[PDB]
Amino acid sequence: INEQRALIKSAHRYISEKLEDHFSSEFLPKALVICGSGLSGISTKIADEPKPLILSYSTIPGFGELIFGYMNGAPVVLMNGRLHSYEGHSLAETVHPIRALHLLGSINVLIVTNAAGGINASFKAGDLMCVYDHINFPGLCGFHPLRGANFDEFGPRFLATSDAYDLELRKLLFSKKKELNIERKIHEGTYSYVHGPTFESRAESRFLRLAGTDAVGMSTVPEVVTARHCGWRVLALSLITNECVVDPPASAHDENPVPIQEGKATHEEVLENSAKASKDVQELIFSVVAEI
């Protein structure tokens, strides 16, 4: 833990010095925006003045790029590039940026998006889901970002997660949907984090629905839990990029079977629907960030 602490310190030391050298007045970001699915182009919405700062991950200790600048009048930090647990990284590596950035002392809000399969039978690809709760499946079984010695200078040994998704931020999001007259459906529901990288089988999706899942994805919950451990408020927004297949597969006894490949999830589909929802998601987040 003591070496993790050193890495986090070194990272903060590097970042804060770049900031004070780059910005005329002290740059104190209010929000970290993990620019996942839907948010690939929101950095273009960063204001020209003051000139934004772009730090490559490669030059930051423990860390793709961080972008520092003003967005709709508000000072933010953007993460373009994230580490997914299915790539083999430890969860400490995944959430290192949150802990490093916490040391700036100004960030109080995490805004994070991701792609997700719709488990709720009412959801359609293209819909969004504002996350109000989650199930951390890997967390229940030992794959937990807080496993190990507690970072006492950050948060408590035992962290409650029944209050993870700030109600006021969710109300802010829906007020901006209405204000912008965005017609895209925004559900409110439970996000289940599963490790991946497989898409769910039919039986797995049926299990997840039975378990109370509205949408399933392969990221975000470790970052949410770590941000909550640091005391941050969290807004999480899922893009429903595909409808999960839940019907039993064709029986060998069926006269006219539905092909088992029919409607199967693909990364191509995820990418295509992420791009379609991108303008709405970026404009929603653009509006929300000003009022934080």
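One-based numbering along the sequence shown.
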query: Looking at the deposited sequence, how many residues between residue 63 and residue 64 were given no coordinates in the entry: none, 1 to 3, 4 to 9, or 10 or more?
result: 4 to 9
task: Would you determine, from the values in the PDB entry, which of 118-126 and 149-157 has the greater average C-alpha temperature factor?
output: 149-157
query: Do the CA atoms of 88-96 or those of 199-207 have the higher mean B-factor in the entry?
result: 88-96
task: Go through 267, 233, 30, 253 one by one and give the residue whose Cα B-factor in the PDB entry is largest.
output: 30
- request: Go through 111, 186, 173, 74 one by one and give the residue whose Cα B-factor in the PDB entry is largest.
  value: 74
statement: Of the three thirds of Cα B-factor ranks in this chain, residue 257 occupies the highest
Record-listed C-alpha B factor of residue 69: chain third: highest
- prompt: Once the chain's modelled residues are ordered by C-alpha B factor and cut into thirds, is residue 50 in the lowest, middle or highest one?
  reply: highest
Residue 58 by Cα B-factor - lowest, middle or highest third of the modelled chain: highest
- request: Would you check the entry's CA temperature factor for residue 219 and let me know if it's in the chain's lowest, middle or highest third?
  value: lowest
